[PDB]
């Protein structure tokens, strides 16, 4: 079993949240965390477009990268509940970017396949460090 889980086989994924926080702090790179489920068809549709989007794949190398099929113990990573797919950003000061949200008022950190442009723009937002 690989850490990529189909999200980007050529990227460098971190295994655990604790390690990801350490790597963010020490590298001064922000952390992008993708929450997904194998049985979730929405997760799969987003994974496909994420994996194949050249701009996202390129910009992702500026992040510490974590994808999870089980929730962390950090309540800051679910400001508006636990659903997948859900993409959160963490600043290297170890501040969760709850202010970096997607298009939908009801699920603020959900992204649909058509939302790659907004995802890219949010990644740029996360790179403007606190």
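Residue numbers count along the first chain shown, from 1.
- Comparing 106-114 with 5-13, which stretch shows the greater average C-alpha B-factor in the deposited entry? It is 5-13 that shows the higher mean C-alpha B-factor.
- Query: On average, are the C-alpha B-factors higher in 81-89 or in 53-61?
  - Reply: The stretch with the larger mean CA B-factor is 53-61.
- Task: Select one of 97, 35, 42, 48: the residue whose C-alpha shows the highest B-factor in the crystal structure entry.
- Result: That would be 48.
- Sort the modelled residues of this chain by their C-alpha B factor and say whether residue 67 lands in the lowest, middle or highest third. Lowest third, going by the recorded CA B-factors of the chain.
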